[PDB]
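The form solved without the partner chain is given below as one chain in structure tokens.
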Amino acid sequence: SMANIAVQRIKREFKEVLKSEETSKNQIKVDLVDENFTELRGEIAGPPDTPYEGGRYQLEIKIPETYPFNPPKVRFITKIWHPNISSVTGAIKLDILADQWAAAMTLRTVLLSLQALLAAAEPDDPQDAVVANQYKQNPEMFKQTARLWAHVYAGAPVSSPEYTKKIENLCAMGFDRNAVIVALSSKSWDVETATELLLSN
């Protein structure tokens, strides 16, 4: 249904990922949404020695019909705390997804670069300013905050409960635990200003 230099590239790049050593080791993975191959669901495992370790992140991959001369539009379906990824929408700030895309890049190399992006964030050049300045000003707070998002959203081992007690305390006020994890983390785990931010209207 596409111009096929996409259909042929996508089909062999798709078949390239399932045959790879990274899929055999469960690092990356790609799947079919429909069977025209213009939308794919990718999955990358959180890199080791990073707060995302033990987590698996779903990725929305939409192949434009200018493929392979324009990059695929990738968005994080799974929530993640990362200065180069939106904590709200999952938008990705990577140059290979914008100006620095090359036609030689494949599905595998895009997934491997995104998995690499989790290991090496660029806070000076961010997608989420809130996550980025917490990353710079408080390195340890970001690490466990990303660790907590890593379990609540990507099924990792739990971050240790010095942070959940607040998540417990604000829920004792009947608040949405989804709104509380967002409010507490953006306000750098200050319950006061989180409670003041907690209320929309």
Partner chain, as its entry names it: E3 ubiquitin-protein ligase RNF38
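Positions refer to the first chain, counted from 1.
A summary of the deposited B-factors shows that, of 86 to 94 and 127 to 135, the stretch with the larger mean C-alpha value is 127 to 135. In this entry, 73 to 81 shows the higher mean Cα temperature factor of the pair 109 to 117 and 73 to 81.
Note on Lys15, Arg9, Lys187, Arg177: the highest value goes to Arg177, judged by CA B factor as recorded. When the Cα B-factors of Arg56, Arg147, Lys166, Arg41 are read from the PDB record, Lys166 comes out highest.
For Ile61, the recorded CA B-factor ranks within the lowest third of the chain. Only modelled residues enter the ranking.
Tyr67 sits in the lowest third of its chain by CA B factor, as recorded in the PDB entry.
Annotation for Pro161: CA B-factor lies in the highest third of the chain's modelled residues. Among the modelled residues of its chain, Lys143 has a C-alpha B-factor that falls in the middle third, as given in the PDB entry.
Another form, the form solved in complex with the partner chain, is not on view; read the next lines as being about it.
Taken together, the three residues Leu18, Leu32 and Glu43 all stay farther than 4.5 Å from the partner chain in the deposited complex, as judged by their closest heavy atom. Using a 4.5 angstroms limit between non-hydrogen atoms, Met2 touches the partner chain in the deposited complex. Contact annotation: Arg177 falls outside 4.5 Å of the partner chain in the deposited complex, judged by heavy atom distances. Though the partner is left out of this view, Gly54 does not reach within 4.5 Å of the partner chain in the deposited complex, counting heavy atoms only.
Although the partner is absent here, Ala102 lies within 4.5 Å of the partner chain in the deposited complex, judged by heavy atoms. Residues of 54 to 80 placing a heavy atom within 4.5 Å of the partner chain in the deposited complex, in sequence order: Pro68, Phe69.
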